[PDB]
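This report refers to the structure that appears directly beneath it.
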There are 2 protein chains.
Amino acid sequence: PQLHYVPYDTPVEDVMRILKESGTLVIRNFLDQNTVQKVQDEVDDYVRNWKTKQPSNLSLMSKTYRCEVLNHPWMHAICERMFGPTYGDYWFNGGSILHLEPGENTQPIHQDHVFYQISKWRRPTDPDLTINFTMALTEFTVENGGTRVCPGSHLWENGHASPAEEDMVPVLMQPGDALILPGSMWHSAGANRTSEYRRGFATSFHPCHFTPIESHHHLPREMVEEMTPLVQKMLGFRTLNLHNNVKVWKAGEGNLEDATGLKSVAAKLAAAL
Amino acid sequence: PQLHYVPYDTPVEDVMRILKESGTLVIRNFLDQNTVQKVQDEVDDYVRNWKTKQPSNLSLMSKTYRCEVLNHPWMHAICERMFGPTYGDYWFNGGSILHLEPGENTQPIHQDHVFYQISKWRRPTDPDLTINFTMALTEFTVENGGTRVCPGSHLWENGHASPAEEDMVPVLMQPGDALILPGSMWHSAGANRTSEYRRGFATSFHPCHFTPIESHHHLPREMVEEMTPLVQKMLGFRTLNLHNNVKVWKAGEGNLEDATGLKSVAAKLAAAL
Ligand SMILES: O=C(O)CNC(=O)C(=O)O
Ligand SMILES: O=C(O)CNC(=O)C(=O)O
Ligand SMILES: [Fe+2]
Ligand SMILES: [Fe+2]
């Protein structure tokens with residue numbers, strides 16, 4: 001296994017194969033510079049007012065996050081293939097700013113899926129329990145604490161010791177590149193030994209039958225109405241389909257998004273006039 | 001293993017032991033006749049307007065369900081012990097009326113947990129994935145299709161064939177008795193060979209890290225404010241605690257019920273005056 005950096009236009013099949021073999025990869029130019037700047041602009045004061053800062057609530061705080069980032073075609077292409085065959089639908093798990101102040105120490109090496117009790121029942125050949133997209137806002141370098149990964153460690157059995165620090169491979173990214181982190185990949189933020197902060201931000205998704213880290217039930221109705229149907233489902237506003245007519249997150253026997261009136265209906269002609 | 005019928009005042013420890021050994025049991029007088037009648041009164045028109053009827057949405061349709069039944073001390077005593085050590089919090093999964101018209105045929109024998117993909121990873125010695133309380137509204141008899149169980153079948157390995165029909169043990173209940181059905185117990189409704197309908201209703205609960213069959217996000221704010229804090233958590237209005245400060249269903253980094261203003265605050269003295 002190896003850390004691969006692939007162009008945006010790499011076929012989805014090839015990315016899935018790299019994930020299976022190596023457990024992680026970087027997609028270059030995952031976001032353009034416009035999206036990097038709009039996200040920075042929308043979150044920068046929230047981060048400063050928040051040596052590690054990880055504020056979440058990103059769909060509430062960032063219109064670009066809820067209207068654009070969560071529709072990202074690479075996220076959905078990967079998630080449909082990782083979760084679809086086994087579970088059906090998937091939805092958003094959590095997502096935060098990943099901000100390292102100058103002087104921050106190395107983060108403990110971990111698997112993101114450790115907080116699922118069912119990770120103890122899972123085998124390394126089973127689908128992952130969650131998947132994270134870690135997108136660079138600043139450059140990620142060795143010296144500023146860019147995330148480090150241990151390619152192949154997603155295949156280790158449960159209870160395997162963490163990789164040694166010397167086994168960790170730093171991920172070198174320009175603003176807008178993204179690191180893909182299945183829940184089984186061992187990884188960690190590095191130490192920021194520079195005088196400038198290192199910042200990225202994440203999305204993550206997991207099967208529809210697992211409860212997200214973050215609810216979005218507190219978001220204003222008006223924000224929910226500006227989301228696409230897909231993002232409404234990602235953020236907990238729609239009923240979820242398993243397989244063969246099995247649904248969870250139902251309003252009684254019907255769909256939540258019908259019961260809440262979230263789905264658009266046509267006005268009566270008289271009301272329009 | 002045997003089907004046991006126990007009095008309401010049976011110690012919780014003894015009920016948990018019976019569940020472990022036999023996989024099911026009946027608690028007599030689980031509800032009093034007042035609660036049976038109030039639930040019937042609140043749902044009867046909804047059932048008739050709905051040879052098997054299983055309408056859900058019970059917290060919306062029944063004040064007694066959301067204000068009284070979901071606070072039932074036996075449900076919480078069992079669920080805390082079944083789910084607490086492994087997962088921390090639990091919450092409501094689904095609950096419907098269980099109505100058999102005269103002439104209905106025997107229901108396929110099943111385990112309730114089959115729709116969880118992770119039931120394939122679980123072992124019979126692991127905690128159940130869900131637990132159901134099936135409460136009699138009418139009497140449950142052999143002839144009217146009272147639920148049947150196969151004591152001990154919760155310990156069978158995954159992929160074991162269903163019990164034979166001749167192995168099924170009918171559950172004979174008076175109005176207000178309750179049958180306890182862990183997700184691993186094989187069971188089914190029987191045929192209603194009488195001229196009168198047979199009706200019960202259910203609650204069910206499962207670990208906080210799994211997505212409920214039913215959302216309650218469509219319920220009016222005013223109904224949510226009349227629930228106890230416990231029932232608010234049961235029905236998806238509160239952040240959920242795993243272990244060692246891990247939470248899911250958070251509003252950002254804080255609690256959902258704070259972000260929505262669901263938790264009562266004291267008015268300003270001037271506003272009160
Ligand atoms: O910030 C980083 O580079 C990596 N962070 C994490 O893996 C995390 O917080 O789970
Ligand atoms: O209605 C009954 O007696 C039993 N019903 C079920 O087990 C069910 O619908 O899952
Ligand atoms: Fe991580
Ligand atoms: Fe059942």
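Order of appearance sets the numbers: ligands from 1, and atoms from 1 within every ligand. By convention in this document, chain letters (A, B, ...) are assigned in the order of the sequence lines, proteins followed by strands, and residues within each chain are numbered from 1. Atom set for the values below is all heavy atoms of this structure, side chains included, hydrogens, waters and symmetry mates excluded.
Comment: B:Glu165 engages B:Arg148 in a salt bridge, judged by a side-chain N to carboxylate O separation of less than 4.0 angstrom. Taking 4.0 Å as the cut-off between side-chain N and carboxylate O, B:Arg199 and B:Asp44 count as a salt-bridged pair.
Taking the six-membered ring for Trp and thresholds of 30 and 60 degrees, B:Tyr116 and A:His209 have nearly parallel ring planes, at less than 30 degrees apart. The aromatic rings of B:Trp156 and B:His160 lie parallel to each other, their planes meeting at an angle below 30°, with 60° marking the opposite boundary.
In this structure, B:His206 has its ring center at least 6.0 angstrom away from the ring center of B:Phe92.
The closest side-chain heavy-atom distance from A:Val6 to A:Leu25 is below 4.5 Å. Looking at A:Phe205 and A:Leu70, their side chains come closer than 4.5 Å, going by heavy atoms from C-beta outward.
The set of protein atoms (N, O or S) found at less than 2.8 Å from the Fe ion (ligand 4) reads B:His110 NE2, B:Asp112 OD1, B:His187 NE2, by chain and number.
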- request: Show your reasoning for whether side-chain hydrogen bond (donor to acceptor under 3.5 Å, both in side chains) applies to A:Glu143 and A:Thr194.
  value: CA-CA 6 Å; A:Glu143 296 78 17; A:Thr194 79; over 6 Å; no
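Smallest separation of non-hydrogen atoms from A:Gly252 and B:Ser56: C-OG, 3.2 Å.
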Ligand 2 N/O to protein N/O, distances under 3.5 Å:
{"from": "ligand 2", "atom 1": "1 (O)", "to": "B:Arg198", "atom 2": "NH2", "distance (Å)": "3.0"}
{"from": "ligand 2", "atom 1": "3 (O)", "to": "B:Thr147", "atom 2": "OG1", "distance (Å)": "2.6"}
{"from": "ligand 2", "atom 1": "3 (O)", "to": "B:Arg198", "atom 2": "NH1", "distance (Å)": "2.7"}
{"from": "ligand 2", "atom 1": "3 (O)", "to": "B:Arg198", "atom 2": "NH2", "distance (Å)": "3.4"}
{"from": "ligand 2", "atom 1": "5 (N)", "to": "B:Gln107", "atom 2": "OE1", "distance (Å)": "3.4"}
{"from": "ligand 2", "atom 1": "7 (O)", "to": "B:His110", "atom 2": "NE2", "distance (Å)": "3.2"}
{"from": "ligand 2", "atom 1": "7 (O)", "to": "B:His187", "atom 2": "NE2", "distance (Å)": "2.9"}
{"from": "ligand 2", "atom 1": "9 (O)", "to": "B:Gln54", "atom 2": "NE2", "distance (Å)": "2.9"}
{"from": "ligand 2", "atom 1": "9 (O)", "to": "B:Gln107", "atom 2": "NE2", "distance (Å)": "3.2"}
{"from": "ligand 2", "atom 1": "10 (O)", "to": "B:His110", "atom 2": "NE2", "distance (Å)": "3.1"}
{"from": "ligand 2", "atom 1": "10 (O)", "to": "B:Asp112", "atom 2": "OD1", "distance (Å)": "3.4"}

